[PDB]
Structure formats: structure tokens, C-alpha cells
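J.:
There are 2 protein chains.
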Amino acid sequence: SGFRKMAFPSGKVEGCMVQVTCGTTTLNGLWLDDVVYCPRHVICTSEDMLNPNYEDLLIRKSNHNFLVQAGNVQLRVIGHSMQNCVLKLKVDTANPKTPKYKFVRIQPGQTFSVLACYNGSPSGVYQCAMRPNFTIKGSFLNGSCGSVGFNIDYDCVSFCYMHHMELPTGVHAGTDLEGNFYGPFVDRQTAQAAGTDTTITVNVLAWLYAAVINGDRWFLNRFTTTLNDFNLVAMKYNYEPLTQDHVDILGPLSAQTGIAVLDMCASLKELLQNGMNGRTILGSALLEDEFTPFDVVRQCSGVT
Amino acid sequence: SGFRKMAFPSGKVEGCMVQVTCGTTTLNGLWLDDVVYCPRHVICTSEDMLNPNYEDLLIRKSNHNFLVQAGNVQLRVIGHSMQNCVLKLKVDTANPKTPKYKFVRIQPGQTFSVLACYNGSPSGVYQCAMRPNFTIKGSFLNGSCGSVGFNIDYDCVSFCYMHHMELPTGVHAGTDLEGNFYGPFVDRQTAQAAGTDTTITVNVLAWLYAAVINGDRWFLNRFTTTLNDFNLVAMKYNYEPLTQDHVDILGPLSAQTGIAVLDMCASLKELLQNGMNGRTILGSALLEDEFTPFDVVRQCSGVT
Ligand SMILES: Cc1ccncc1NC(=O)Cn1ccc2ccc(Cl)cc21
Ligand SMILES: Cc1ccncc1NC(=O)Cn1ccc2ccc(Cl)cc21
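First to last, the protein sequences are chains D and A. Its first residue numbered 3264, the first sequence is counted upward by one per residue in full-length UniProt numbering. Its first residue numbered 3264, the second sequence is counted upward by one per residue in full-length UniProt numbering.
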């Protein structure tokens, strides 16, 4: 019992974190096999960020200009290439701590763990969600660039995010491990406003199922609804539209609890229309949307 | 920017987790040097839990009855002893992944990270606080016993908690690494109700300072208060009394923000008396009390 915002164990990713310095800029790198991945803005000065021409800036850089330090030892850089917004630094030594891994590009609403690092050293781990506006609400300071987001399935680490920047509104933007930004963000110090941060409805329903499994049942009502009726309410509250795909993904939670998905939708509808009335659900006074149905099943079954 | 419930990186603790089986009971063990620490109820059957005599039960156990598996390899048990509510299993091999460590007994209000494990394997990491009633609001299922709580200062892991049980109310009870329970709990399947779960006032104030540092300032008011006036309000709301020791610990946050501790107390007083009025602070609709002043400074400065 109990339901917590849980992150994946971070050891497998800690063994990959390195420090990358180019000139006067130091950020984090991810060392997998004989390649170190890092944000391409490591080649920039803060002045360059206003309007950087990365191909032109990169011409003035050689293998020896990229200083890569793993723990306290220096890695020898034998190649460097730019792939979208990330630099790939080929080193002469394969990372002995390389776990089994994949690079995946996640969709909005999907959750992942972040290992926040500074100077190649881990500071902490927390759980995030890729927002519907393709930002993440992380906790990052200057020097955190290159910190990565990931999921783990038994022994395989699926890297899904690399941190690049903070928007003027304090939210965060970054890329997948192929260097493609999530959303329309660009790695330049320019006006980049985020779109509407809508609520991930399917995750809120998953979290309502987690609450029922853990004993918080006060919000269960005598009503049901339809996908179309629910979605009218969800539109009004800036909630993502619920699809039959989402209903299907909630199937196992519906089966475990004996509460039909549409009945839970009706509970969520009343919660949206009437609020919590000073009450809490899983220790929260708001509707949590950063647990997917898979995270709920995982945490409620104890997958390791 | 951004403020998250952040856990310590868990790698150093993952390298210590082992599986301990005695008869038909399997739980987690913590392997440090040549000793494996685990809850003493590993020697019990579920029937034994109603009224166990641990010294008597332990007499029927020999070194070979404790099966300790680290990853997929078996550790040889050359000694076993009971220290309070934990068993110490001396093995013939020192854990090669033993980090620098200490055993500390924390006080209520102090926070720590939990590496939840099942069958000696890590499932996730989350941040906890030792409640004022000496329970923890964790996320643990059957088989999680032996999962540990810890803090890290650069390279030293301070182990502070080992999970033992869930109370009938879904809250959790456990010991320090010397086997002494936090609070008045005993390792027996008996009626154990928890005392009042009061709010950790000093942590709420630390989190209000974190909110100001991150831009959430709507709750700052034109008022001040005194320790005695504040404490009258704190009593009314089941908040822990604020001492001059707590004011002193908040000093660095007061200095960074330029907001006197008593002025922040007055903001907290109005928040208690008037509620949030449907507004949020650091994405929360309630007053968060599981960040200490040290956690706020740490996260807001980027200590690794
Ligand atoms: C300071 C901080 C806090 C949290 N997370 C990241 C950062 N760092 C930055 O944002 C660095 N940086 C500055 C201008 C700019 C433009 C584009 C890009 Cl990609 C990076 C940029
Ligand atoms: C099931 C579960 C979920 C979460 N956290 C822990 C557990 N396991 C237990 O509580 C096991 N167990 C059962 C009876 C009893 C009495 C005393 C003690 Cl020490 C352990 C006891």
C-alpha cells in the first residue's frame, strides 16, 4: 500500500554520466559504448546563444577541444559529429559500465525518470512526464544540460530525453537521444513560449485507479458517462480528449478494481465540476497526471 | 528553476541489495562489507507473526538456513546474530560494491530516499520523511521488507531506515540499521495505531522559500508575526511547534531571499487561516512538508 511518485533506480545511468567541456562551457555527457552524447550548445559561449550557427561554430573545433572526463579520468576523443542538436564524441574507450540500451522518442503524456547532473556528477533523481505542449516540468539549474531522461524494462535502459534548456517561464525543453527537440523548440536564446499545458486525462484516470487500489474511494460516485459526454467536460477543463485507445490501455486497471472505465470517467467529471471540497486523493489536493496506466500497474505489482 | 520531490541517486545502494530467504520467507538484505542486514521477521512464517518469540525461533535456525543471493550468485553465511529487530548475517565475502557508509538514526521531520526492492532487486526510488508520529508514508508491497532509506553526502551513504511493516492504516513502520524501530512499533501482527500525523512546519517554511526562489510569490503578504503568535495558529492546525532552532536552520533561505523567517511565518499563517483559494504553490494544492531546509538549499544550489 501507499502510492508515491517513484523514479527508476538510477545506477545504470549514473555509470554513463561524464563531464564535457569545450572552451569555457561545461555540461553533462552520456557515455554509451565508445560514444559520448551531449547538447551541441557545449561549443557556444553565452553570447553565441542569441543567434548561433552551429555548423560554422563547429568548424573551429577539433577532437582535442572536447574535454571528456569520466569520474576523474580523461577520455581520449578520436572523432566528433553533429546529429541534429546533439554532438556525438567518439572516444577510444568503450564505457565498461554501458548497460543494455535503446534510444526511444516518447510521446506526450509518457513518463520518465531524470537523473539531474552537474559537472558529470549526479545530484538527484525524479519522475517527469512529457507534457502535451512538449515541455517538461523538471528541476534543472545552469550546468544541468546533458542530464538525461529514461525508462527501464528489467535490464534495458530506454533513453528518451536529454536536457537542453529552460524557457523564460521556468519550464524545460530538450531532445531525444538523436538530437531532435520535443516540440517546436530550438537551441537558441530567443522568445519561445510554450503552448497550452493540458492535463493528461488517461494518466489522471490511472491515478484514480491507483487511489481506489490503495483505499482512497470517497470520489467514487453513482454515475457513469460516455466518451463524448466526458470529452465535452474534458474540453472545458483543458484536459486531453480521451480516446478508445486510452480506454483500452486502462483495461487492466478496470479489471483489477471492477470499476468500468466510463464509471471512473464519471467520477473524474464530478471531480472537475465540483472540485475536491478541501479533501485529498493519495495525499494530493489536485488531480495528478504524471503516472501512466503502466506506471500504476508497475508500482501496484512490484515489477523490478 | 523548477522544484521537484527529488531522491538521491540510488546506484551506491543498488550495489548493496541482496535477497535473503529463510524457510518459506523471502525479503531484502543490505550487504555492507561482509555483513548482510535484514529484518528479523525473515525467520517467521505468517502464522508466527501473531506472537513471535524471536530468540526461540532463532534457536531452530543455523547459518545454512539463511539463503543469501546477490544478483544470481549465492553468498556463504558463516555467522548470524540478532541485534534488536535486525539479523546480521556474516558472509565469507566482503561486498566489492560497498560504498563509504554510516548508520544514522534520524529524527522526525528529516527526509530520506527509499530504494524499494523485491527479491533483492530494485523497483524504484522515492523521497520520504520520518513523520512526527514515526511512521513513513511509503510505497511498499509484500516482499519489500528489508528495503532501505538513506541520505548521501558526496560519497558517504548514511543508512537511516530499513522497512519492516505496514500498519493496518496503510502507513509504514521500520527500524534504523541497528534494528531499533522508529516510534513505538513492534515487529508483531498486532493492533498498532499511529499517533497524530502533524505537519512538519520547518519543512513547509523551507518549501515556501523554495517557491519564492522559483517565482511562486502570490502568497507573500504584508504581515509579520512572532514565534508565540505563529505557534498558537500552528497548534490549531496540527502543525509542529516552531522553535528558535528551526528559525536558525532557515537562516540561509531567509538570507538568500531577503524574507525574514517571521514574515514567512505570517504568510504561512494566512495560508492556514484562508486556504489556497483554488491556487497552487510549486504545482501543489496543499502545503508540502517533506523537504527540509537542507533539501531546499541542496536542490536550489545543485550539490552533487
Ligand atoms: C540556466 C539553465 C537552467 C535550467 N536548465 C537549463 C539551463 N541552461 C540553459 O538554458 C543554457 N542556455 C542559455 C540560453 C540558451 C538557449 C538555448 C539553449 Cl539549448 C540553452 C541555453
Ligand atoms: C504486506 C506488506 C506491505 C508493505 N510493507 C510491508 C509488508 N509486509 C509486512 O508487513 C509483513 N508482515 C505481516 C505481518 C507483520 C507484522 C510485523 C512485521 Cl515487522 C511484518 C509483518
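Positions of the beta carbon are idealized from the N, C-alpha and C atoms, including for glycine.
Counting Cβ pairs closer than 8 Å, one from the stretch 3555-3562 of chain D and one from the stretch 3271-3287 of chain A, do we hit at least three?
T.: no
J.: On the three-state DSSP scale, how would you describe D:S3547?
T.: strand
J.: Drop a sphere of 10 angstroms on the beta-carbon of residue 3572 of chain A, count the other beta-carbons inside from all chains shown, and report buried for 16 or more, exposed for fewer.
T.: Since the first residue shown for chain A is 3264 and the last is 3567, residue 3572 of chain A is missing from the structure and cannot be characterised.
J.: When the Cα of D:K3365 is compared with those of D:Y3417, D:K3499, D:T3462, D:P3504, which residue comes out closest?
T.: Among D:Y3417, D:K3499, D:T3462, D:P3504, the Cα nearest to that of D:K3365 is on D:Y3417.
J.: Would you mind reading off the limits of the beta strand (DSSP E) that contains A:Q3332?
T.: 3329-3333
J.: Let me know the secondary structure DSSP gives D:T3288 once reduced to three states.
T.: strand
J.: Are the Cβ atoms of D:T3462 and D:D3552 separated by less than 7 Å?
T.: yes
J.: From the beta carbon of D:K3360, is the nearest beta carbon of chain A less than 7 Å away?
T.: no
J.: Would you please verify whether the beta carbon of A:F3482 is less than 7 Å from any beta carbon of chain D?
T.: no
J.: Given that a residue counts as buried once 16 or more other Cβ atoms are within 10 Å of its Cβ, and exposed if not, what is A:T3432?
T.: Flag for A:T3432 reads exposed.
J.: Who's in the neighbourhood of ligand 4, going by beta-carbon under 7 Å from any heavy atom, listed in chain order?
T.: The model depicted lacks ligand 4 and carries ligand 1 and ligand 2 instead.
J.: Answer yes or no: does any C-beta atom of chain D fall closer than 7 Å to that of A:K3363?
T.: no
J.: What does DSSP give as the partner residue(s) for D:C3408 in the beta ladder?
T.: Note: D:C3408 sits in no beta bridge, so no partner.
J.: Between A:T3308 and A:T3555, is the Cβ-Cβ spacing less than 7 Å?
T.: Contact flag unset, no.
J.: Going by beta carbon distance, what residues of the same chain come within less than 8 Å of A:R3480, once the five residues before and after it are set aside?
T.: So the qualifying residues of the chain are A3474.
J.: Rounding to the nearest angstrom, what Cα-Cα distance links A:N3484 and A:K3532 in this structure?
T.: 10 Å
J.: Put D:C3279 into one of helix, strand or coil per three-state DSSP.
T.: D:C3279: coil per DSSP, three-state reduction.
J.: Can you list, in chain order, the residues of its chain whose CB lies under 6 Å from that of D:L3330, leaving out five sequence neighbours each side?
T.: Counting only residues of its own chain and dropping the five nearest sequence neighbours on each side, D:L3330 has a CB closer than 6 Å to the CB of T3284.
J.: I want to see whether chain D comes within less than 7 Å of A:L3549, judged by CB atoms only; does it?
T.: yes
J.: Quick check: the Cα distance between A:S3517 and A:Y3472, rounded to an integer number of angstroms?
T.: Spanning the two alpha carbons is a distance of roughly 8 Å.
J.: Counting only Cβ-Cβ distances shorter than 7 Å, please list the residues of the stretch 3518-3537 of chain A near chain D, keeping chain order.
T.: From the stretch 3518-3537 of chain A, no residue has a Cβ closer than 7 Å to chain D.
J.: If the cut-off is 9 Å on Cβ atoms, which residues from the stretch 3378-3398 of chain A count as contacting chain D, listed in chain order?
T.: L3378, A3379, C3380, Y3381, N3382, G3383, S3384, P3385, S3386, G3387, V3388, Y3389, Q3390, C3391
J.: Helix, strand or coil: how does DSSP classify A:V3336 here?
T.: strand
J.: Once the 5 residues before and after A:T3287 are set aside, which same chain residues still bring their CB inside 8 Å of it?
T.: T3308
J.: Measure from the C-beta of D:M3280 to each C-beta in chain A and report whether the shortest distance is under 7 Å.
T.: Answer no: the Cβ-Cβ gap between D:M3280 and chain A never drops below 7 Å.
J.: Taking the straight line between their C-alpha atoms, what separation do you get for D:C3348 and D:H3427?
T.: 9 Å
J.: Got a sec? Which residues, its chain only, sit under 8 Å from D:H3435 by beta carbon, not counting five neighbours each side?
T.: Same-chain partners within the cutoff: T3398, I3399, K3400, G3401, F3403, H3426, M3428, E3429.
J.: Output, in chain order, the set of chain D residues within a Cβ distance shorter than 8 Å of A:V3566.
T.: Here the neighbours are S3386.
J.: Give me, in chain order, the residues of the same chain whose beta-carbon lies closer than 8 Å to that of A:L3513; leave out the 5 immediate sequence neighbours on both sides.
T.: Excluding residues within five positions, the ones whose Cβ falls inside 8 Å are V3465, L3468, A3469, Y3472, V3524, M3527, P3556.
J.: Just to make sure I have the definition right: I need the residues of chain D whose C-beta is within less than 7 Å of the C-beta of A:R3267. Which are they?
T.: Simply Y3389, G3401, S3402.
J.: Using a Cβ cut-off of 8 Å, which residues of the stretch 3450-3482 of chain A contact any Cβ in chain D, in chain order?
T.: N3477, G3478
J.: Taking only three categories from DSSP, how would you classify D:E3533?
T.: helix
J.: Taking A:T3464 as part of the alpha helix (DSSP H), name the residues at either end of that continuous run.
T.: Looking at the DSSP string, the run of the alpha helix (DSSP H) that includes A:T3464 is 3464-3476.
J.: So what does DSSP say about D:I3341, is it helix, strand or coil?
T.: Residue state, collapsed to three classes: strand.
J.: Should D:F3493 and D:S3376 be called a contact, given that it needs their Cβ atoms to be closer than 7 Å?
T.: no
J.: So what's D:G3514 in DSSP terms, helix, strand or just coil?
T.: helix
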